[PDB]
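See below for the structure under consideration.
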Amino acid sequence: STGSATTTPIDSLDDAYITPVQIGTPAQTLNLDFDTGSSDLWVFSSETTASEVXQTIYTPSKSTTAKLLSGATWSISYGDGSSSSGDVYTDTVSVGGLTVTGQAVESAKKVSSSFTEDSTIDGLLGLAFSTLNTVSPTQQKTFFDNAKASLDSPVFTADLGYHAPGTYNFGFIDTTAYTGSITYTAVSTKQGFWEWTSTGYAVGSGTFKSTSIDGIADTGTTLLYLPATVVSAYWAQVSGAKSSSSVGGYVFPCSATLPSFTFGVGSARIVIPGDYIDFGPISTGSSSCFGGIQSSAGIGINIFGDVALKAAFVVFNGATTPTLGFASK
Ligand SMILES: CC(C)(C)S(=O)(=O)N[C@@H](Cc1ccccc1)C(=O)N[C@@H](Cc1c[nH]c[nH+]1)C(=O)N[C@@H](CC1CCCCC1)C(O)(O)C(F)(F)C(=O)NCCN1CCOCC1
């Protein structure tokens, strides 16, 4: 089997992407944030504290296939400090025509303020390794782990657009969606992430420096977070850019034409166009814009977030020994 779903940016900044997911029988359609940085599928629901709901909710009691997973609970917090918790049902879940029976659907009893305030995200679908799932006492498998037995090939691909829709495919590689060939690189699963090592970087039309950069491929993070000295090297080429303590990172004049940024995948090179690094104005009508490449020093891990992934066709190869593939597009 295979599945193919359109994913759409939630706003004009590409802050996040949402993908429709059908849950239950008859299907309830929710728009979820596919996150390769976590492993929980959780949704707003009829159980969520009413004052914290502003979103489309899942109602397990209107699904004939929903089953309560007795005595299971979950609690998660994310790197930006947001959190949620609740109980667990199993139910039928379909993405793009690909159906999984018996999927753990984590129902939120409580959600943090950030979740309440974002009307466009009805929940998260985690696509990291199942060791990071937060259900207790027995962890639950991710949608991808449950689908692998049925998939034509144990892969999914991410084709995120720049201020445009893109596609998540399950079970096949669309050879029309990229150019050249795919280069694969080893994944370390020790921390539960799609963790890989980039072979170097270049800024604009300058030299490529071979330097290993360990980081994670994370669809659920907006920006590109890299070591402080790499990031300083990038913004040194932008005459009006400065690190702003009040805004929380590097800012630059919106009128600037930004240099591209290249990262290494083995012997291959992926080029992020300068325009992708212009995240946007710090506020409407401002003359100052926020940068899309920022320092990872405060995070503790380098993150190849949407700014980087949307410049590439990305293959998450879910075989027993996983790998990550990148192609230009
Ligand atoms: C709107 C920025 C002004 C560009 S922002 O950073 O706030 N954007 C958020 C994403 C966003 C967009 C739109 C609406 C809401 C949220 C962002 O990029 N968040 C990152 C920031 C980060 C990472 N690390 C340090 N800081 C993040 O937490 N991403 C997580 C998924 C997000 C969470 C908020 C809602 C959207 C999905 C994440 O899962 O990708 C993660 F990998 F970073 C992470 O937190 N992984 C959680 C690991 N769990 C921990 C518990 O044990 C199990 C493993």
Side-chain angles (χ1 to χ4, degrees), residues 7-19 30-44 52 54-55 73-85 104 106 108 111-136 139-142 158 160 189-196 214-226 244 246-251 276-283 286 289-310 314 316:
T7 182
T8 308
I10 62 169
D11 59 17
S12 59
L13 301 194
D14 290 356
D15 274 299
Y17 302 75
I18 46 169
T19 310
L30 275 70
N31 286 328
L32 310 186
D33 190 347
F34 284 21
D35 179 23
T36 60
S38 70
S39 304
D40 286 52
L41 194 173
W42 73 261
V43 296
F44 278 83
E52 292 176 0
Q55 297 89 358
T73 52
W74 60 281
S75 165
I76 190 160
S77 57
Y78 300 94
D80 57 28
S82 60
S83 57
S84 51
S85 61
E106 303 168 36
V111 300
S112 66
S113 294
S114 49
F115 286 118
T116 298
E117 294 158 1
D118 185 4
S119 68
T120 62
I121 294 166
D122 304 324
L124 272 65
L125 193 144
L127 289 168
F129 294 86
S130 293
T131 189
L132 293 181
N133 181 86
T134 73
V135 179
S136 190
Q139 285 190 137
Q140 302 304 123
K141 285 183 297 253
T142 63
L160 307 171
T189 61
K190 186 186 187 298
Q191 299 229 73
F193 297 122
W194 296 87
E195 189 177 352
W196 67 286
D214 185 307
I216 68 176
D218 189 359
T219 54
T221 291
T222 311
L223 302 181
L224 179 50
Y225 297 91
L226 292 176
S244 158
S246 58
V247 183
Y250 286 91
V251 302
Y276 290 22
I277 298 157
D278 174 5
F279 188 43
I282 57 165
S283 83
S286 204
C289 274
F290 191 72
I293 297 171
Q294 303 286 349
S295 170
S296 65
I299 292 166
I301 189 119
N302 305 117
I303 309 182
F304 289 87
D306 297 333
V307 161
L309 301 181
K310 74 176 99 174
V314 188
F316 292 86

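For reference, positions follow the sequence shown, starting with 1. We count ligands from 1, going down the list as the structure has it; atoms in each ligand are counted the same way.
A 4.5 Å side-chain heavy-atom check between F304 and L226 finds at least one atom pair inside the cut-off.
At least one donor-acceptor pair closer than 3.5 Å links the side chain of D218 to the backbone N or O of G37. The backbone N or O of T36 sits less than 3.5 Å from a side-chain atom of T219, completing a donor-acceptor pair.
Near ligand 1, heavy-atom contacts under 4.0 Å come from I10, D15, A16, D33, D35, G37, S38, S77, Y78, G79, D80, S82, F115, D118, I121, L124, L132, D218, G220, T221, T222, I299, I303.
By the side-chain contact (heavy atoms from CB on, under 4.5 Å) test, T222 pairs with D15, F279, sequence neighbours left out. Residues satisfying the side-chain contact (heavy atoms from CB on, under 4.5 Å) test with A108, not counting sequence neighbours, are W42, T48, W74, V111. Judged as a side-chain contact (heavy atoms from CB on, under 4.5 Å), and not counting sequence neighbours, the contacts of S83 are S77, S112.
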